[PDB]
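Single-structure report; data block below.
Both counts, for ligands and for their atoms, begin at 1 and track the order of listing. In what follows, chains carry the letters A, B, and so on, assigned in the order in which the sequence lines appear, proteins first and then strands, with residues in each chain numbered from 1.
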Amino acid sequence: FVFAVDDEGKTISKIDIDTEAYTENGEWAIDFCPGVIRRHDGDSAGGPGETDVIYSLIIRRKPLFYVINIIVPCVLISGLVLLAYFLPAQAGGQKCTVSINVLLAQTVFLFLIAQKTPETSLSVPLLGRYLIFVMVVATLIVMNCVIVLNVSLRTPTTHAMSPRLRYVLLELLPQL
Amino acid sequence: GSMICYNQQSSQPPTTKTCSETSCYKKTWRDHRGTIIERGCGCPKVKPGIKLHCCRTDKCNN
Amino acid sequence: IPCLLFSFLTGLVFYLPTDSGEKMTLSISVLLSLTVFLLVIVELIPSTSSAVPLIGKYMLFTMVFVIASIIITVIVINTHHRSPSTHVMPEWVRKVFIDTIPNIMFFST
Amino acid sequence: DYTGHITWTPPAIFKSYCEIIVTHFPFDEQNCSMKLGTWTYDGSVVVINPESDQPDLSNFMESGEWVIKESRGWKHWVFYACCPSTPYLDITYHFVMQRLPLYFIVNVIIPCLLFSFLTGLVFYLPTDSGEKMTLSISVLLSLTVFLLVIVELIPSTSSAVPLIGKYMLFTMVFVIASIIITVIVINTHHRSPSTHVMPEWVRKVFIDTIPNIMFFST
Amino acid sequence: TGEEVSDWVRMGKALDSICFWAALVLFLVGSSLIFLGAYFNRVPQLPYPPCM
Amino acid sequence: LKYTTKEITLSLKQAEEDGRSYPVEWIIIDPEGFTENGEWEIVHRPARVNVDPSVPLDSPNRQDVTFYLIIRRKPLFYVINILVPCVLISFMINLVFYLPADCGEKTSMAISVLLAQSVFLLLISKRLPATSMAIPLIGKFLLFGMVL
Amino acid sequence: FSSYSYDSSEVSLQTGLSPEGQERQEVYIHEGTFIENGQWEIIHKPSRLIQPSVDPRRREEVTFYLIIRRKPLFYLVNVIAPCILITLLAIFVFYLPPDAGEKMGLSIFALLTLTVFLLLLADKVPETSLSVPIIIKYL
Amino acid sequence: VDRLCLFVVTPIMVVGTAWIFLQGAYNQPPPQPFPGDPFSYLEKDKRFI
Ligand SMILES: *[C@@H]1O[C@H](CO)[C@@H](O[C@@H]2O[C@H](CO)[C@@H](O[C@@H]3O[C@H](CO[C@H]4O[C@H](CO[C@H]5O[C@H](CO)[C@@H](O)[C@H](O)[C@@H]5O[C@H]5O[C@H](CO)[C@@H](O)[C@H](O)[C@@H]5O)[C@@H](O)[C@H](O[C@H]5O[C@H](CO)[C@@H](O)[C@H](O)[C@@H]5O[C@H]5O[C@H](CO)[C@@H](O)[C@H](O)[C@@H]5O)[C@@H]4O)[C@@H](O)[C@H](O[C@H]4O[C@H](CO)[C@@H](O)[C@H](O)[C@@H]4O[C@H]4O[C@H](CO)[C@@H](O)[C@H](O)[C@@H]4O[C@H]4O[C@H](CO)[C@@H](O)[C@H](O)[C@@H]4O)[C@@H]3O)[C@H](O)[C@H]2NC(C)=O)[C@H](O)[C@H]1NC(C)=O
Ligand SMILES: *[C@@H]1O[C@H](CO)[C@@H](O[C@@H]2O[C@H](CO)[C@@H](O[C@@H]3O[C@H](CO[C@H]4O[C@H](CO)[C@@H](O)[C@H](O[C@H]5O[C@H](CO)[C@@H](O)[C@H](O)[C@@H]5O)[C@@H]4O)[C@@H](O)[C@H](O[C@H]4O[C@H](CO)[C@@H](O)[C@H](O)[C@@H]4O)[C@@H]3O)[C@H](O)[C@H]2NC(C)=O)[C@H](O)[C@H]1NC(C)=O
């Protein structure tokens, strides 16, 4: 195997592309396409060798679909869980409603992503790590809202004021 | 403690092995080509549809 | 049409009084309805990344609209529940929302 | 060759039947075989021998889902009762494979673990918040929606219950029990003198016995 | 009783205000760190001509 | 389809045991080599030679040999993944009669059971053909539960 | 059905007679060995010989028609009845007291369930744009 | 009224679920492959001439 040559005699060591007639793939952009001729030793030492031509397509994904229909809605929905810190801690404040229904929507996004991600186990996809991250964060904020609602609704008849916790309150007030 | 077992296939000339287990087994089944008989040691767990005959006497699987 | 119907329900939370306690129920569950309908849209429309379609822009506009309504509703609920003792009323809020809002005065007090 | 030696190396796509054991899924090990033989020629007219004891894996592309742990090839002579002179020969090549479980760990097990953790947080939420049922019911609804993912990702076999399937069922039963017990707690919290009378066993247990192991106004 | 109720309410408010900043830092730093890996995953500058 | 009854005659295979002939009236399954299907278990394997007189004698469809498979579904996957959760969620609607009318958000839980029951209907709808011979038993339970 | 190559001056088509020696105009169905489609019922199954228009200076064909009615029982169980029930629940929100604080939590969750059924039908309806299905009108 | 509806609705649902599920639990293939034919079509009941 040898490579073909152009009108100037230069060796064409790449995939040729008719630049006038080429339509780009809607998801994939070709960045490099080198070509290499490989020669290998035979299956028996001293016997006939083997040769092949390798072309490598270095293709970059255009992520616009995932940005528009997955990532931005997931980021904006996962940002709503921080709004529970401004709702009042009482009946009718809806503190837990926001935080747990954001997780329900995030589970719907898990169903959205399970249809597109590859099913290999050599590595974790970046989208998978982000979804697991925002779900862990939302779980922690559900826990923190539960704790805050527990603290705020302690009736004085059955719950004793801890003096050390009031002391650390008075420590944190001037620190900030 | 030892045991003398047959271990030939089907209607081949008889052969003998030394089972260390306390039983020898005969296993019979039929596929599309005919009948296969397998002889050996122990009492193995067979799939449904296979005839099995286990016995505790020496030279007892044929 | 479903996107339009979900969009029209987004601003109606601003007609819901705070004392009902169902303002965030409405907003968050409209968001849940949009999120579930995202499955329908993904199942129906092409999945292409060469350019953003008009449907994609409308879906994003609807979603950002719902997020903005949620954020502003949380601001409204926070303003409604301000304690008189801890939070003093600034004079500029009083001037801009009790004095310079003399447009529709079916209100009183 | 001039000697008369023929070497023929055709390619093939082999689609082979393999007993799949899903007991330990996604941490399962499979042993799948390729039985090869002369279809119409028996051992008396054509003899087939393996080239090596093992399959050749020198040009094996790496699998992103399975790791081949073992591989071997065995020749079998099969004799029938009606024919004691003609063997039937086969060569069975088996491959012991181990699944890489990261995909199912990330996309199934971790959300189930998060829901299992979220199940118990409703018992630190006071009843006066008016949000106990919202939390529990939304956790249940999140699991119900996740059942779509689980059905789409986990195989639909009835040979055995997968270990991941047992975890899912355990979690779902857990949340259902949480909802039942939370309903009991809420029913207790609104008991009033106008409609109920406190039994002496409830007072003897919950107001003096249990509390001595813990702290509150009593 | 009302004064002690207000004490618990104020404690909940302060704890909530602190955990807001903690959670905001967690969310922002985690999202930025996860997507900066996407930002730095560019096609390497190989010693070849472009494909087109 | 190339020959009729006048050209060929179809029959079952005749095998021998102990010098006595029998027709093979079953699908042969090698018991040692057979791996059962993951969700179907075979109950009957008969074999018949069918001659129907309604079709004309010059038709290739006069004679046939039919091998039948009666197969029971192994319900373990559907019992574990779909049926037990559906029944347990549908039976939790009886808890709303214990919830007080003040903190017990009765109707939210009641409509959320309906939402989960619709999700299960969505799961079921992809796994069966849309035939009209009968309503599925799981479909019957789902409709009954949604009405309740 | 038509001859791809030969025209009317070479190969002439006619409707093919059944085993009964009469001028048939029908698709033949053997009533003993035909298992009907579980989704479709065959109402009319005629057969015609179409001759083309006269040339001043298309070929003749034999057309077999199948007029088939759909049997909608599946869609009556999976779509219509849940929609009816959801509509009754949308009626009954107006009987809920305002002091209960549950009108949104009922009506908007009914809307959510309706979105779930839209997802249910997303993979069943035709995707053409000449008309709207009546079930989509109802939804 | 809530207690009355508890005592009415729950037995109805229990009975309906049991009735629905005892059709599938007691649904079995027939012991013979052909209704009317007493032959089992098994290897062990092979019919000699
Ligand atoms: C996954 O999966 C897979 C599957 O798929 C699997 O695989 C597996 O594996 C295993 C292993 O591990 C394996 O096993 C193995 O195998 C092999 C083969 O086999 C086959 O073959 C044979 C042979 O044949 C021959 O011979 C005979 C006598 O001997 C005869 O009879 C025949 O006929 C033949 O003959 C021929 O040939 C020859 C040569 O070769 C010549 O000479 C002549 O002339 C002629 O020609 C046979 O035998 C077998 O058979 C059997 O089996 C079957 C089944 O398979 C049946 O059916 C039958 O019946 C039989 O049976 C009996 O036996 C058995 C045993 O074998 C028992 O058990 C029973 O019971 C009865 O008794 C076939 O066909 C083989 O060979 C082997 O063996 C071995 O071992 C045993 C135990 O185990 C013993 O016993 C024996 O003896 C042997 O031993 C030996 O070797 C070893 C190793 O291998 C060692 O260790 C020892 O020590 C010894 O050694 C010695 O000897 C040798 C030889 O001579 C030499 O070399 C040395 O040096 C020394 O001296 C085994 O068995 C299997 O097969 C497989 N399978 C398949 C593939 O399929 C796996 O594993 C899995 N995996 C996991 C689970 O992980
Ligand atoms: C699984 O699925 C298979 C089909 O795929 C089922 O097999 C069928 O089983 C039934 C019941 O066992 C069979 O029906 C019987 O057929 C016999 C034989 O008659 C047939 O062959 C004759 C020629 O050999 C032919 O003349 C017959 O045609 C006449 O009869 C039919 C039926 O009455 C009529 O429609 C025609 O117009 C003709 O008049 C026919 O093709 C027959 O003897 C049996 O009679 C029984 O039933 C009648 C009442 O219907 C009764 O009066 C009799 O006394 C007797 O009890 C019966 O009709 C059917 O042929 C099988 N189909 C085949 C072979 O493909 C199998 O049962 C399923 N298994 C399950 C569900 O477990």
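Nearest protein heavy-atom contact of atom 61 (O) of ligand 1 is B/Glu38 CG, 3.9 Å. Nearest to atom 58 (C) of ligand 1 among the protein's heavy atoms is B/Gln9 NE2, 3.5 Å. Ranking the protein heavy atoms by distance from atom 10 (C) of ligand 1 puts D/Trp74 NE1, 3.8 Å first.
Between B/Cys19 and B/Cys24, a gap of 2.5 Å or greater is found separating the two SG atoms. Taken together, D/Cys18 and D/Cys32 meet the criterion of an SG-SG distance shorter than 2.5 Å. The SG atoms of B/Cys54 and B/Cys43 are placed within less than 2.5 angstrom of each other.
The shell of residues lying under 4.0 angstrom from ligand 1, judged by heavy atoms, includes B/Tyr25. Not a single heavy atom of B/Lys27 lies less than 4.0 angstrom from ligand 1.
Comment: F/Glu25 does not engage H/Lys46 in a salt bridge, judged by the lack of any side-chain N to carboxylate O separation of less than 4.0 angstrom. The pair H/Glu43-F/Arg45 counts as a salt bridge, with a side-chain nitrogen and a carboxylate oxygen less than 4.0 angstrom apart. Between D/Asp53 and D/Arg72 there is a salt bridge, with a side-chain nitrogen of the basic residue lying less than 4.0 Å from a carboxylate oxygen of the acidic one. Between B/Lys47 and F/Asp30 there is no salt bridge, since no side-chain N of the basic residue sits under 4.0 Å from a carboxylate O of the acidic one.
Using a 4.0 Å cut-off between heavy atoms, D/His76 contacts ligand 1 through both its backbone and its side chain. At a 4.0 Å heavy-atom cut-off, ligand 1 does not touch D/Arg72 at all. With a heavy-atom cut-off of 4.0 Å, B/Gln8 does not touch ligand 1 at all.
At a distance under 4.0 Å, a protein heavy atom can be found next to atom 94 (O) of ligand 1. Checking atom 81 (C) of ligand 1 against the protein gives no heavy-atom contact under 4.0 Å. Protein heavy atoms are found less than 4.0 angstrom from atom 37 (O) of ligand 1. Put simply, atom 120 (O) of ligand 1 has protein non-hydrogen atoms near it, under 4.0 Å away. Inside a 4.0 Å radius of atom 55 (O) of ligand 1 there is at least one protein heavy atom. Counting only heavy atoms, the protein never gets under 4.0 Å from atom 112 (C) of ligand 1. Distance screen at 4.0 Å: atom 5 (O) of ligand 1 has a protein heavy-atom neighbour inside the cut-off. Put simply, atom 86 (C) of ligand 1 has no protein non-hydrogen atoms near it, under 4.0 Å away.
In this structure, H/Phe34 has its ring center closer than 6.0 angstrom to the ring center of H/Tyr41.
Contact atoms of ligand 1 toward B/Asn7: 72 (O) (distance under 4.0 Å to a heavy atom of the residue). Atoms of ligand 1 lying under 4.0 Å from any heavy atom of B/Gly40, numbered from 1 in the order shown and given with element: 70 (O), 72 (O). With ligand atoms numbered from 1 in the order given, ligand 1 contributes 5 (O) to contacts under 4.0 Å with heavy atoms of D/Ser33.
D/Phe25 does not carry D/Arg99 over the face of its six-membered ring by the limits of under 6.0 Å from the centre and within 45° of the normal.
Side-chain contact check for H/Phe21 versus F/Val87: some heavy-atom pair is nearer than 4.5 Å. Annotation: side chain of B/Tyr6 is in contact with side chain of B/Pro14 (closest heavy-atom distance under 4.5 Å). Counting only heavy atoms from C-beta outward, the side chains of H/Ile20 and F/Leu137 approach each other to under 4.5 Å.
The closest heavy-atom contact to atom 18 (C) of ligand 1, among the options D/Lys75, D/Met34, D/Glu19, comes from D/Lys75. Relative to atom 3 (C) of ligand 1, the option among B/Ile37, D/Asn31, B/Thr15, D/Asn49 with the closest non-hydrogen atom is D/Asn31. Considering each of D/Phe79, D/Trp77, B/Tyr6, B/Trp29, the one bringing a non-hydrogen atom nearest atom 40 (O) of ligand 1 is D/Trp77.
Residues G/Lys71 and G/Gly38 approach most closely at CE-O, 3.4 Å, considering heavy atoms. Between F/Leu12 and F/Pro23, the closest heavy-atom pair is CB-CB, 4.5 Å.
By the 6.0 Å contact criterion, CG on A/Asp43 is open, its count of non-hydrogen atoms from other residues, nucleotides or ligands being 12 or less.
Within 4.0 Å of ligand 2, protein heavy atoms belong to F/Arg48, F/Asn50, F/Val51, F/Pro53, F/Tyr68, H/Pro30, H/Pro33, H/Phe34, H/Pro35, listed by chain and number.
Between the side chain of B/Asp31 and the backbone N or O of B/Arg33, at least one donor-acceptor pair lies under 3.5 Å.
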